[PDB]
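Presented below is the structure to which this report refers.
Note that the chains take the letters A, B, C, D, E and F in the order they are written out, and that residue 1 is the start of every chain.
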């Protein structure tokens, strides 16, 4: 992955969701990943337990209508494809996420904790994800 | 001419290949007036000819980085690195052979001396005399030199015969061809014997293959730290030789095909009333050597004009501007993809081969016997493979930035000198400006030397030259032999005024240092280049 | 091309040319090209490409954990 | 695909404003040296110091040097 | 026209590929020797060589024949 | 014994000039560099058969003179081959960490021993499977200077210890 694939995400978002910071719940996820080319993950020919075991590696918090943010999902795809500081679950992935947050602040200090917290969405173990819904 | 669109996309293609683009620029300067035409032909050369080389180099280098990491290529490289490991440890082990009527009585001291560190240096300081003897021959060399050097060829040839046999009869013909330059020296010796005989039986052409011994001077690199970088290059070239030859051979086949095609189209049609040009297509050795021009792309222009007036003119004959376009495009570009593939492959190999010496002899044994400046290419390919008190108040926030303005004004005032009208109005005004500028530069050089004591040598040279020229032009100007040129020549030193900016601007200095470090990177190869060019 | 033209039209010392004589002295001018304009010049381009250091990298070991594709 | 190349390669020209200031400074230094040294050669249309190609002026010498750089 | 029992596919083999390799080299030499004269003129040697083209054409149509039937 | 006897092994069967020259080079280093503390002796008998046992007392008495005695044994090329005697030698393993360099070295020595390549390879390979701890010192590093330094270090430590 470079940004070359990464702008396709904007296109599929605008067309298939028109979310505007939310408005996905979860259907758009597998309405997204199950069609578009596989440098981002699933693709069309992989709507199976292989997709299941990809999703179980992506974990991220929830919003009003069981929805999620734009760039939270963006980092979700990015790290689940490039393997940027992801564990197999638990507080292990949150401490890896703390490492990642430290690294992000180290590169970019100009990110306010509103936007920064958005980029490090902090999916605590108690707070269920949009990832651990169809998995369990 | 720009008459049709097809005549314009051909003139502009000619200008982009940079062949005879100034004749077109000059024609349109004459025909329209020289004020705006430079806006068409400069960006046509910058955009179409330079920027497109940049794109092509970039695209090819990306493709070469992406292709060196395919599995079938990593495999064939590891096969080379392993065999280098074998030889590297094997030679160390072969150092353990340190065993201590004439079959053993003299042939024990020969192989001793004839490998001593004073013998290598005798041979390498006598070949350096050989290649200075045959480099002073010129035309009309004094008649004593012809005879002195005549004896010299025989003397040095016989001496190398002796100090070659002493390695063969004194160490053993069977184990003699086991060192590359030892085979090479035997070859050069037999070639020099050939040259002596053939000069005897055909005086005249004497192409003299005895300067080839200067190649042995490359062995001097063994005493430096640059030996690995170059032995690895030669190893990576000698391994990939069935694929360099089988690739020069394909260049030769396509040159042959285009030579025969040019013979069909233009064979014998070049007998113009002026006389048949040297860039013919009549016979084969003269068709090969014009397809070679068109590939190396230099004056393909004129050959195309001949091949157009051959088949007609600017008339039924211009359909054949298409052999010289499909051979000056797919030739100027397939010959940089061939010769850049060869040189990037066989040199990234020799950079990764030498990164796995210091990563072993300096990181394995030095631990088990008891990034880090990784370039852009190396980073990317590894990522792919993973998948006094007073004057110190000089500093005013407006002194090191207000002298920069004076440097800029002085540089610009250099541009406005009239070179020819020595004593016009402008040159006098600019001479007064010259007084002003050298005044500023000395009034700052002195205070700097006060705060610094004893890049600045550049400032010193410029101010000294300016002061000397002003003094000895104001003082007398006459009564010294032909010293108008003296002031005219110490005023060339003024051109160094722009250079003063390099140290001032911290980022221009950084780019200048990048250029210098690039020059130091290509300096063990610049010397091999100079040696081969000398040969 | 003009130097090649002079080099083939070559006869003997202190004698004038004769057109397309000694046409084999063109070998010297192709072995030259295969070596210097084609091979060493591309050796130089390749050495400068392979060994090119990033211009400014003194920010904590070049963003130790997030680099070009990760960072950008 | 043309546009992505053009953007990509023009951006990296905008990030090197001093690498092509060293080339402008080279051209400037040599143009000034040329004006000083060869500025008063008498123009002869038989030679290559023409009315087109001469060191007589700053911009004439700049054109001469660009002509030579592009190997002409 | 799918007649099996070729017996020609076993002729595509070690020696008859090293003879075609030599007829091609001979042909390239012959194309090298030719000289083109301005207006319908022909050197004696080119008239001499123009009497070998049928041999090469024969061998090459033979190669097409054997490869096509095999 | 007062001091452990010295036996070196590992390239191949002693009596083949590869191993002969390797051991001789290191023994000659031991002599010349340490000439005045060590004595080299030559054994043409089978110590695994311990005329046979008449030499062990000699071995003991050279070892009982407070000066090092290196053995030029001519029959033992295994660690298991001397797992019964009471000599307790200091065993130096002149190892080669890769076979291909070994076979290139073997063909490298003239031609005659090329009639012994296949069988020497068996011994060298089986040595590669012999236990590491059965060897006091490993000698594999390519250069002579460094291996000689390694031996000088270990034996100077030994000499200081007694």
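By our rule, a residue touches a chain if its C-beta (ideal position, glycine included) is under 8 Å from a C-beta of that chain, and two chains touch if they have at least 3 such contacts.
Using CA-based centroids throughout, the chain positioned farthest away from chain D is F. Interface comparison, B-C versus B-E: the higher count of C-beta contacts falls to B-C. Centroids of chain C and chain F (each the mean of its C-alpha atoms) stand 56 Å apart. Distance between chain B and chain D, defined via averaged C-alpha coordinates, is recorded as 21 Å. Chain C and chain D, compared by their mean Cα positions, are separated by 22 Å. Shown for chain B are the residues in touch with two or more other chains, namely 510, 514. In chain F, no residue reaches two or more other chains under the touch definition. Contact annotation for chain pairs lists A-C, B-C, B-D, B-E, B-F, with touch applied as defined.
Residues 18, 20-22, 26, 29, 38, 42, 45, 49, 51, 54-55, 58, 411, 414-417, 419-420, 488, 491-492, 495-496, 498-499, 501, 505, 507-508, 510-512, 514-515 of chain B are the ones that touch chain D when the two sit in their complex.
Across the complex, chain B is touched by residues 21-22, 24-25, 28, 96-98, 100-101, 104-105, 108, 141-144, 146, 150 of chain F. Chain B meets chain F in the complex at residues 85-86, 88-100, 365, 369.
On the chain D side of its complex with chain B, the touching residues are 5, 9, 16, 18-19, 21-22, 25, 28-29, 31-33, 35-37, 39-40, 52-53, 55-58, 63, 66-67, 70-72.
Those residues of chain C that touch chain A in the complex are listed here as 60, 63, 65-66, 69-72.
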